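Protein chains in written order, with the entry's author numbering: chain A, 1 to 12, 14 to 19, 21 to 27, 29 to 52; chain A', 1 to 12, 14 to 19, 21 to 27, 29 to 258; chain A'', 1 to 12, 14 to 19, 21 to 27, 29 to 258; chain B, 120 to 238; chain C, 13 to 279; chain C', 13 to 279. A prime marks a further copy of an entry chain.
Ideal Cβ placement from N, Cα and C applies to all residues, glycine included.
Below is one structure, written out as structure tokens, with a few remarks after it.
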Amino acid sequence: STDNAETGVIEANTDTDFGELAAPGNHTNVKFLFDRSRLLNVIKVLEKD
Amino acid sequence: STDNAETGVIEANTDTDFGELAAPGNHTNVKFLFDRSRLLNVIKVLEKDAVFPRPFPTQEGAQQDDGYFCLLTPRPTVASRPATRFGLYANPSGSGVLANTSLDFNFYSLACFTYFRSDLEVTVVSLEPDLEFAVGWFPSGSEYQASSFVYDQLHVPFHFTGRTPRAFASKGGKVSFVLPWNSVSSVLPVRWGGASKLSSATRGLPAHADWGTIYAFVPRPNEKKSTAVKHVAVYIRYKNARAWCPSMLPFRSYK
Amino acid sequence: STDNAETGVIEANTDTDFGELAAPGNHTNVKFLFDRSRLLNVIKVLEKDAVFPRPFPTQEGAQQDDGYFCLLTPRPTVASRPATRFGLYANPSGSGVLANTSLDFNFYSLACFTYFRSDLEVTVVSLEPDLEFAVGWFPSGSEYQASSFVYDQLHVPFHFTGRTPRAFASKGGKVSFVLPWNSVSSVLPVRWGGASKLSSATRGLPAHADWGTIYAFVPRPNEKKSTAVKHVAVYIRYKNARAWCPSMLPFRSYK
Amino acid sequence: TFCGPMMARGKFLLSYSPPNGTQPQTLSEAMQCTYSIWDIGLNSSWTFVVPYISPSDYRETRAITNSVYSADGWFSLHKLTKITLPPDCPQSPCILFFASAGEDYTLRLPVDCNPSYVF
Amino acid sequence: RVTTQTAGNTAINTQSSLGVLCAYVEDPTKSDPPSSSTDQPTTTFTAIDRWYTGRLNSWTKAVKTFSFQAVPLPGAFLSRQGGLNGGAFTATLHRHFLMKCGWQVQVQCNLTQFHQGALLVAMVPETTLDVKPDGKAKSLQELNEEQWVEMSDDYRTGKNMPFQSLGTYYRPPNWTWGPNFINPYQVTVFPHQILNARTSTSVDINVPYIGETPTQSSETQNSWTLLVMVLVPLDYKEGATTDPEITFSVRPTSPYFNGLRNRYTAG
Amino acid sequence: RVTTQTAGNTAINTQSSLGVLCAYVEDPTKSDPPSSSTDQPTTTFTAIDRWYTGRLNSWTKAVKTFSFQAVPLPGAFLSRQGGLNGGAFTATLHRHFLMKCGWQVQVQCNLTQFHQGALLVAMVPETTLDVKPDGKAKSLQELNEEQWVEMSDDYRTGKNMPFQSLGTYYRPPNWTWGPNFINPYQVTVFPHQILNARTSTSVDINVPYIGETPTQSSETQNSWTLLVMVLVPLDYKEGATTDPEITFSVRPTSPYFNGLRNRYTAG
């Protein structure tokens with residue numbers, strides 16, 4: 001469709018050209036994604052100052 | 001009494018011919036029957052980063068690590084991959100490599116429908132005395148990450164860390180947790196007749212009919228490998244199961 | 001003035018540029036223009052039962068009676084049959100048989116559309132002095148009845164009687180009557196591009212685009228045949244004519 | 120988006136072919152499937168939306184066996200006409216490809232990463 | 013016992029009839045468009061809203077108990093088995109990727125009162141009998157020599173369905189079971205009717221759409237399979253009549269299509 | 013001057029456009045089923061509610077004034093001329109006897125400001141230019157050698173259209189005229205648009221259904237013919253650009269079909 005991407009801010014499915023508006027079905032949320040353990044480093048154990 | 005069974009739909014106690023209408027006294032419910040644990044498979048325990056088996060056919064002289072990993076599905080499987088024909092090695096010593104196989108005898112003894120769906124609840128039990136281990140799992144359609152990194156000149160396999168769940172159990176402990184139905188297919192086909200690819204496909208072999216994959220490993224560096232093998236047991240349960248259409252039952256010989 | 005004729009639909014007197023709007027003062032109406040007589044064709048007069056011409060191609064040595072009968076249509080015709088290419092024998096004496104042809108010059112001089120429809124009003128005029136005759140006509144898709152019967156040892160052609168109209172005119176008289184639009188096709192195609200048959204057809208040759216057929220005969224028995232030939236003239240008119248889409252006009256040479 | 124001399128002209132055709140036994144090649148084949156025609160003019164940018172059709176509600180993100188659950192056909196670009204380069208404009212314009220996600224995109228299951236970029 | 017069903021420009025007559033079996037749910041005709049795609053679908057029209065007809069092998073005394081024949085759907089249309097020719101339906105099928113439809117079939121025979129025997133017809137879902145054990149569909153020429161399929165322990169155990177060869181790396185196991193066995197004694201579970209020689213001549217069933225996804229690929233789906241099996245072997249007095257014949261009719265219901273493209277080709 | 017028309021699963025874009033010519037009546041889309049038959053007809057559906065595209069010969073300086081090319085409709089679909097492939101529309105056409113539909117076409121060219129010339133496109137009704145004088149349709153191979161048809165006195169007079177040989181019984185007349193002459197100076201009467209090299213690039217027309225009967229045979233009708241003729245011969249400075257190209261698009265509207273049968277065959 002008509003647009004001008006050189007300007008940067010482009011407009012915004015199949016309802017625009019031919021539509022389909024598949025219903026929603029939030030696993031990408033920032034708060035949710037980053038809450039899970041992961042290894043960081045392995046270190047020795049001291050036995051004196 | 002008068003009836004016509006050729007039509008199929010027959011009518012429907015002793016009150017009709019001679021009655022007795024014994025009062026009721029729901030143990031056959033689908034939701035209730037399928038909620039109880041049962042063994043699935045027995046697998047080895049890793050001690051280093053492994054190489055996943057290659058897809059069939061596997062030519063002679065191919066280097067890999069076999070005997071580990073295991074699918075989560077009642078349908079027959081071979082070499083940790085989906086299969087159709089169940090088989091076993093009843094013959095004496097031979098040659099080559101023996102392929103691990105599995106199947107849910109109890110499930111198929113009453114699998115009298117076509118389509119099924121339920122949540123899965125996994126647990127793990129050790130066999131050798133005073134053994135320490137851990138478990139890892141990933142969804143369907145994913146892949147197992149290989150290779151290892153060096154920390155203070157110790158080779159730690161990459162599978163120590165990941166976004167997928169991990170479980171660490173104390174010395175001589177046990178593990179348990181419940182996973183969600185995550186396959187793309189809406190329901191699980193007990194028996195199928197389609198094809199997964201446009202060409203070179205095998206009839207009746209489903210693609211992503213499972214719950215995931217599981218493996219076991221020891222929390223030690225690769226620089227402390229041992230010799231004696233170790234084993235682990237697996238059990239599964241079904242939650243809120245449902246069935247969607249009638250079917251047949253396994254044949255019993257008349258010998 | 002400003003305009004854009006490339007678009008096709010141009011706008012629309015002297016009041017626009019410099021006006022004059024001369025008051026009106029409908030002689031071009033389609034219904035009015037086409038209501039007037041005009042000659043169509045000249046035909047011989049029968050004196051006995053005749054044999055209708057055979058369909059083309061006609062092989063050498065075929066017995067028939069040619070020169071009589073005539074269609075009622077403006078489109079070109081040959082040998083009393085529909086045709087596409089108009090032709091004439093401008094050459095001197097030759098061989099074989101010469102095919103009578105006809106066409107409506109006046110109609111085609113202003114035939115500037117494709118589809119047409121109207122009622123037809125026929126009349127007949129004699130040429131030879133003190134001549135007695137009669138006329139007969141039948142609809143489109145019908146056939147001319149041949150053979151003759153004997154009455155008191157006189158052979159009377161069958162065409163004396165029939166369910167179709169007949170006209171008897173006094174000595175040195177004239178005939179006239181109006182016929183209805185009777186062809187199966189809804190309208191008359193001035194120019195056509197289809198085919199009438201699934202196979203072996205000729206492109207652009209319509210099937211039943213006409214009003215009927217006409218012939219002339221003398222009320223005498225076959226036992227009184229003469230030698231000298233006779234001729235008759237025909238005129239036609241259109242009533243409540245209508246046109247349905249634009250078209251072109253005949254080309255005029257620049258010589 | 121187009122990048123070339125202003126006073127040039129041409130016409131392009133965009134196509135999208137669902138899965139088949141063989142990848143369509145000829146323009147005649149391409150025309151029957153879903154398609155559209157792009158005309159060079161004042162605006163040099165055009166957006167083509169790929170419809171989502173599949174036998175399952177969700178689809179896998181990485182393909183190994185190329186099963187119907189991962190692959191979803193092909194996309195192609197065909198030159199309908201011949202580009203007319205105006206005089207004194209040297210030759211050979213260029214086209215830039217821009218891709219993104221639709222307004223109804225979605226992702227479901229997290230997984231582990233690949234640390235290959237560190238080597 | 014006398015009724016006729018009219019559809020499109022074709023009709024079917026029944027001198028005898030018990031009714032129509034409606035399968036799992038009442039009014040199988042009702043349906044809705046799928047949900048795993050967005051492009052607008054193609055729906056029913058008069059060209060395809062009509063019946064189709066075909067032929068089967070004859071019935072001979074030599075046939076023994078439990079022998080059977082199968083006709084996959086819609087694969088029968090594509091394979092042109094038994095002379096069935098879908099015409100417009102086949103043409104539309106070859107030009108689409110996704111399909112969803114029901115089915116409605118009827119089978120007739122010409123048994124007379126001077127014959128004894130029985131036949132059983134049922135719509136077994138999600139089965140594979142057409143394919144040879146090698147893993148290739150049974151060809152039309154191969155389907156002629158053997159008129160009826162012989163029941164055997166292999167089929168009963170489901171031990172000979174298509175499989176994948178492991179390769180030289182492994183050792184060949186001993187195959188003994190599979191999830192697509194056939195149990196003759198329990199075939200009546202699926203919707204069916206008994207085509208006895210002394211009660212009626214034509215039987216009919218109505219089934220809805222099923223599948224593990226809202227829509228299935230239009231070039232490989234094999235949801236429903238038509239199965240005919242012999243219970244009581246045919247027998248009659250010599251010299252009376254020889255080897256009756258069989259026929260069947262099909263008609264789709266409320267179909268949907270998606271994913272237009274050129275004609276399907278392989279390679 | 014920038015607009016796009018969307019139909020089915022396909023769309024067309026126009027960087028320049030004056031509008032759409034609506035031909036004889038407003039809203040050509042409106043229509044009603046025929047009246048010369050009773051069997052229920054087949055109507056439009058998504059599979060056929062879309063555009064189609066094809067190609068024509070190139071334009072070269074050697075071409076002189078009034079030369080032309082013609083594309084019969086719907087005979088172009090059947091003949092597969094210019095690479096046009098109707099697909100579903102052709103398949104449905106070959107399986108019916110009666111048809112009735114409108115038309116809606118657009119033609120585009122790639123002329124640049126550094127070229128001079130003019131083109132004229134019109135929808136001439138009820139004409140026969142495809143056929144050779146012999147009385148046989150022009151083959152695709154024959155249509156290649158001669159890229160453009162040369163205007164001549166014969167065509168101007170309509171003296172060489174198909175005819176019927178009289179036979180040996182008669183003598184051969186001198187053919188001089190026929191009702192299908194071509195008059196170049198008056199072609200603008202039919203709906204048309206001038207495709208000048210300095211004003212626009214794409215032209216389009218909308219036409220309704222016409223014919224001497226409420227419905228016409230689907231295997232021979234030639235109601236509408238697309239005609240392209242050259243008014244001002246092309247000319248440009250040497251070395252700038254060579255021989256632009258031509259294309260066109262078609263789309264039926266509100267069709268009807270009747271008389272189902274098997275695939276058409278001749279003999």
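Suppose contacts are defined by Cβ-Cβ distances below 7 Å. Is residue i in contact with residue j by that definition?
i: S175(B); j: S229(C); result: no
i: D223(B); j: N14(A); result: yes
i: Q151(B); j: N274(C); result: yes
i: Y177(B); j: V187(A'); result: yes
i: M163(C'); j: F57(C'); result: no
i: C121(C); j: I217(C); result: no
i: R245(A''); j: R120(A''); result: yes
i: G197(A'); j: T15(C); result: no
i: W195(A'); j: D122(A'); result: no
i: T211(C); j: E6(A'); result: yes
Would you say residue i lies against chain C (beta-carbon separation less than 7 Å)?
i: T259(C'); result: no
i: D191(B); result: no
i: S175(B); result: yes
Can you pull the chain A residues whose beta carbon is under 8 Å from the beta carbon of residue i, in chain order?
i: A23(C'); result: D18 and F19
Hey, how far is the Cα of residue i from the Cα of residue j?
i: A114(A''); j: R78(A''); result: 11 Å
i: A149(A'); j: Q66(A'); result: 14 Å
i: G223(C); j: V54(A'); result: 36 Å
i: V136(C); j: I194(C); result: 10 Å
i: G66(C); j: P60(A'); result: 41 Å
i: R39(A'); j: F175(C); result: 32 Å
i: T180(B); j: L228(B); result: 10 Å
i: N208(C'); j: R92(C'); result: 29 Å
i: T80(A'); j: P209(A'); result: 11 Å
i: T76(A'); j: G20(C'); result: 43 Å
Using a Cβ cut-off of 9 Å, pull out every chain B residue sitting near residue i, in sequence order please.
i: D51(C); result: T153, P170, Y171 and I172
Mind pulling the chain C' residues with CB within less than 8 Å of residue i?
i: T31(A); result: What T31(A) touches in chain C': nothing, since even the nearest Cβ is about 31 Å away.
i: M150(B); result: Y64, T65 and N97
Since residue i meets chain C', which of its residues come closer than 7 Å, beta carbon to beta carbon?
i: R194(A''); result: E138, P191 and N192
Does any residue of chain B bring its CB to less than 7 Å from the CB of residue i?
i: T65(C'); result: yes
i: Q27(C'); result: yes
Could you check whether the Cβ of residue i sits closer than 7 Å to any Cβ belonging to chain A'?
i: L42(A); result: yes
i: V48(A); result: no
Anything in chain C within Cβ reach of residue i, meaning under 9 Å, just list it in chain order.
i: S136(B); result: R273 and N274
For residue i, return the contacting residues in chain A, with the cut-off set at a CB-CB distance below 7 Å.
i: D158(B); result: In chain order: nothing, as chain A lies at least about 11 Å away.
Just to make sure I have the definition right: I need the residues of chain A'' whose C-beta is within less than 8 Å of the C-beta of residue i. Which are they?
i: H204(C'); result: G8
List the residues of chain B whose Cβ lies closer than 7 Å to the Cβ of residue i, in chain order.
i: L23(A); result: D223
Quick one: list the residues of chain C neighbouring residue i, beta-carbon separation under 7 Å, in chain order.
i: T15(C'); result: Neighbours of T15(C') on chain C: none; closest Cβ ~22 Å, over 7 Å.
At the 7 Å Cβ level, is residue i part of the contact set with chain A'', yes or no?
i: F175(C'); result: yes
Could you name the residues of chain A'' that residue i contacts, counting a contact when the two beta carbons are closer than 7 Å?
i: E224(C'); result: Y118, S188, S189, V190 and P192
Taking residue i as the query, report the chain A residues whose CB atoms sit under 9 Å from its CB, ordered along the chain.
i: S164(B); result: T2, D3, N4, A5, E6 and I10
Interface residues of chain B around residue i at Cβ under 8 Å?
i: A278(C); result: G140 and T141
**Message:** Any contact between the stretch 105–115 of chain C' and the stretch 81–90 of chain C'? By contact I mean 3 or more CB pairs, one from each, below 8 Å.
**Reply:** They touch, by the three-pair rule.
**Asked** Just checking, does the stretch 97–107 of chain A'' make contact with the stretch 133–151 of chain A'' on the three C-beta pairs under 8 Å criterion?
**Response** By the Cβ test, the stretch 97–107 of chain A'' is not in contact with the stretch 133–151 of chain A'', since fewer than three Cβ pairs between them sit closer than 8 Å.
**Message:** Within 8 Å, do at least three Cβ pairs link the stretch 129–137 of chain B to the stretch 237–253 of chain C'?
**Reply:** No, the stretch 237–253 of chain C' does not touch the stretch 129–137 of chain B.
**Request:** Would you be able to state if there are at least three C-beta pairs under 8 Å between the stretch 209–218 of chain B and the stretch 170–177 of chain A'?
**Result:** Touching, no, given that fewer than three Cβ pairs across the two stretches are closer than 8 Å.
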